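Next comes just one chain, in structure tokens: the form deposited without ligand SFG.
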């Protein structure tokens, strides 16, 4: 399924993407040379990553008269992203893409932007409140559907589709300062344990101030309001 190769699609989806030849990026998955090639000439440098040795050789060649190399073959989860130079990230790892890779990628790198095709269903998984994962990512990165990946641009596996997503950061809050506090909150909130967050004197105006009715459908923004109220309550 490690497909999706065919320069015409790999040009049509790169279409809406904002990489250029000033960007150094990380190829989270390798695939089968397909993408690590379209980018090597599109961005400055590239550093792919896929563990099994075979694949790297595959890539290794599909990239000649092209020296923007680096096709390391280690466990991404274990990978140490740079914490100095600025860069982006791309990964055609739908099917193989977990949440642990999405975390490495988002909370453990200073990657400015993260583009990645993911099963469309995995998108909401990241796009819905009352789902910590989302409430956590949304505090720094901005998740958005950029494109879709209809037909079998890959091979089979439908039941569903893939879809291109962009994760772009903002300096934004949720100050490391109060970040253990934001996690509790996120934790307790999604766990419906509002009894640990604020008191009922609070669970109310808080909701009323965030202008929250469908409490079962928050808007992060509202969750934001909440955390803030919470943050400034003391009983």
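Throughout, rigid core stands for the largest set of C-alpha atoms superposing within 1.5 Å between the two forms. Residue numbers count along the first chain shown, from 1.
Omitted from view is the form deposited with ligand SFG bound, to which the following refers.
Is the site here open or blocked once ligand SFG, taken in the entry with it bound, is overlaid via the site C-alphas (blocked: 3+ ligand atoms within 2.4 Å of backbone or C-beta atoms)? Blocked: the placed ligand clashes with backbone or C-beta atoms.
So in the entry with it bound, does residue 26 come within 4.5 Å of ligand SFG, heavy atom to heavy atom? Looking in the entry with it bound, residue contacts with ligand SFG do not include residue 26, since no heavy atom lies within 4.5 Å.
Test of understanding: in the entry with it bound, would residue 118 fall inside 4.5 Å of ligand SFG by heavy atoms? No, residue 118 is distant from the partner.
Residue contact check: residue 74 to ligand SFG in the entry with it bound, 4.5 Å heavy atom: Yes, residue 74 sits close enough to ligand SFG in the entry with it bound that at least one of its heavy atoms falls within 4.5 Å.
Can any non-hydrogen atom of residue 233 be found within 4.5 angstroms of ligand SFG in the entry with it bound? Contact with ligand SFG, no.
Determine which one of 178-186, 42-50, 205-213, 163-171 lies within 4.5 Å of ligand SFG in the entry with it bound, judging by heavy atom distances; exactly one does. Of the stretches listed, the one contacting the partner is 42-50.
Residue by residue through 97-126, which ones have a non-hydrogen atom no more than 4.5 angstroms from ligand SFG in the entry with it bound? Contacts from 97-126: just 97.
Taking the rigid core as reference, does the Cα of residue 158 move 2 Å or more between this form and the one not shown? Yes: residue 158 shifts by at least 2 Å between this form and the one not shown.
Superpose the two forms on their rigid core, then report whether the C-alpha of residue 95 is displaced by 2 angstroms or more between this form and the one not shown. Comparing forms between this form and the one not shown, the residue 95 CA shifts at least 2 Å.
Comparison of CA distance in the entry with it bound with shown form for residue 158, residue 55, at least 3 Å: The answer is closer, because the C-alphas of residue 158 and residue 55 approach each other in the entry with it bound by 3 Å or more.
Classify the change in Cα distance between residue 59 and residue 156 in the entry with it bound as closer or farther, relative to the shown form (magnitude of 3 Å or more). It is closer: the C-alpha separation of residue 59 and residue 156 falls by at least 3 Å in the entry with it bound.
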